[PDB]
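Enquirer:
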Amino acid sequence: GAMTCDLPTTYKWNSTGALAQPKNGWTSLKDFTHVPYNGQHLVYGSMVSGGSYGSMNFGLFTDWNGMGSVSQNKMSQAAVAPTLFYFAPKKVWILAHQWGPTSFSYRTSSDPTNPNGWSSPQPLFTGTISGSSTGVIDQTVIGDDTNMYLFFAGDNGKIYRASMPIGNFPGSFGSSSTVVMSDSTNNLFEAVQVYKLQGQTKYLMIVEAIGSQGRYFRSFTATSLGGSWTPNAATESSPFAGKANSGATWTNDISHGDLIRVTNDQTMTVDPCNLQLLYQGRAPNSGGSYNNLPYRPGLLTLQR
Ligand SMILES: [Ca+2]
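Numbered per my numbering, the sequence shown spans residues 180 to 483.
1) If you follow the beta strand (DSSP E) that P261 is in, where does it begin and where does it stop?
2) What residue does the beta strand (DSSP E) around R286 start on, and which one ends it?
3) Starting from the N-terminal end, write out each residue whose C-beta falls within a distance shorter than 5 Å of any non-hydrogen atom of ligand 1.
4) Output yes if chain B places a C-beta closer than 8 Å to the C-beta of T212; else output no.
5) What number of angstroms, rounded off, separates the C-alpha of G426 from the C-alpha of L456?
6) By DSSP's criteria, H276 is part of a beta bridge. Which residues make up the other side?
7) Would the region 334-342 count as touching the region 366-373 if we require 3 or more Cβ pairs under 8 Å?
8) Below 8 Å on the Cβ atoms is my guess for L221 versus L239; work out the distance and round it to an integer in Å.
9) For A267 versus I316, is the C-beta distance shorter than 8 Å?
10) Ordered along the chain, which non-local residues of its own chain (more than five positions away) have a Cβ less than 6 Å from that of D323?
11) Give the C-beta separation of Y374 and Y382 to the nearest angstrom, bearing in mind that I take them to be a contact with Cβ-Cβ under 8 Å.
12) Suppose contacts are defined by Cβ-Cβ distances below 8 Å. Is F419 in contact with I389 by that definition?
13) In or out: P300 buried (at least 16 other Cβ within 10 Å) or exposed?
14) Which residue's Cα is closest to the Cα of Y328: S312, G310, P349 and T313?
15) Would you tell me roughly how many angstroms separate the C-alpha atoms of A197 and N244, rounded to the nearest one?
16) Which same chain residues, not among the five before or five after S298, have their C-beta less than 8 Å away from its C-beta?
17) Going by DSSP in three states, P451 sits in which element: helix, strand or coil?
18) Over the uninterrupted beta strand (DSSP E) stretch that includes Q200, give me the two end residues.
19) Under a Cβ-count criterion, where at least 16 other Cβ atoms within 10 Å of its own Cβ denotes burial, should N431 be classed as buried or exposed?
20) Which residue from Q482, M235 and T241 puts its Cα closest to that of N217?
21) Can you tell me the Cα-Cα spacing of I308 and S282, whole angstroms?
22) Would you kindly check if the distance between the Cβ of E415 and the Cβ of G421 is under 8 Å?
Following this line, the structure appears as structure tokens:
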């Protein structure tokens with residue numbers, strides 16, 4: 180301004196009240212750092228959520244009485260319910276997931292061994308579904324020579340599909356989808372996975388189902404990713420994998436995971452000459468709220 184001023188030797192201040200309350204179920208906002216940003220206020224800080232420290236920024240605001248109105252944005256890199264593959268046509272690693280900004284997300288990387296090397300999340304899908312407690316969940320992605328495909332579930336007995344030309348990937352599938360199969364909620368519940376069979380033009384779909392004895396997978400096949408699916412092993416007594424045939428005594432559930440793929444690429448090829456399933460399992464008498472179930476990895480190896 181017009182002149183330089185010195186610090187006083189003795190300080191007196193006026194104060195605002197609290198300028199913002201923590202949003203998002205957080206306990207506190209802390210440790211503020213501020214810069215002027217194009218005539219506006221840009222503030223980062225620490226926060227506490229459920230006892231643990233994280234960080235955040237406030238949306239831009241012009242006047243101090245607006246600080247309490249703007250967004251409070253967690254610094255986050257979560258990729259819940261992921262799908263990992265190398266997209267060979269553009270030599271880029273892909274991590275698809277849910278609970279990002281849009282219905283499904285993807286991130287890119289040049290080295291998937293680094294868990295903090297992923298891009299910020301890009302839109303993979305933006306659509307919604309009706310008749311579902313959860314909304315769209317548990318995406319998986321697979322390509323053939325012509326198209327990339329997105330499949331997903333809804334805890335509602337339906338499996339859904341969208342497609343794009345392969346040259347357009349990576350990118351968003353948009354909002355539209357097509358119902359692929361429908362059954363009771365328990366029979367087509369979640370954790371859809373789709374694979375190509377090594378050496379033949381045939382595809383395998385597995386879907387997690389709710390059984391009387393625990394979670395299990397039902398299998399289907401197709402000769403075209405865009406076609407109809409025929410049941411393979413699809414009852415609880417004769418499942419693709421479940422308590423009836425897993426040989427696993429540490430868990431009843433055989434639940435959301437991935438067949439061991441013989442390639443890292445977008446074709447999701449598996450080799451049924453040694454079919455193996457990396458599943459989540461839990462102690463049989465574990466219980467309580469779904470979020471706290473004590474799931475751990477297990478591996479099934481087909482008895483030939
Ligand atoms: Ca039903």
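Don't be surprised by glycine CBs; every beta carbon is placed ideally from N, CA and C.
Expert: Checking against the coordinates, here is how it stands:
1) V259 to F266
2) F283 to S288
3) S363 and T364
4) Among the chains in the structure shown there is no chain B, since it carries only a single protein chain.
5) 12 Å
6) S284
7) yes
8) 6 Å
9) no
10) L404
11) 7 Å
12) no
13) buried
14) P349
15) 10 Å
16) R286, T287 and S288
17) helix
18) Per DSSP, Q200 belongs to no beta strand (DSSP E) and is neither H nor E.
19) buried
20) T241
21) 10 Å
22) yes
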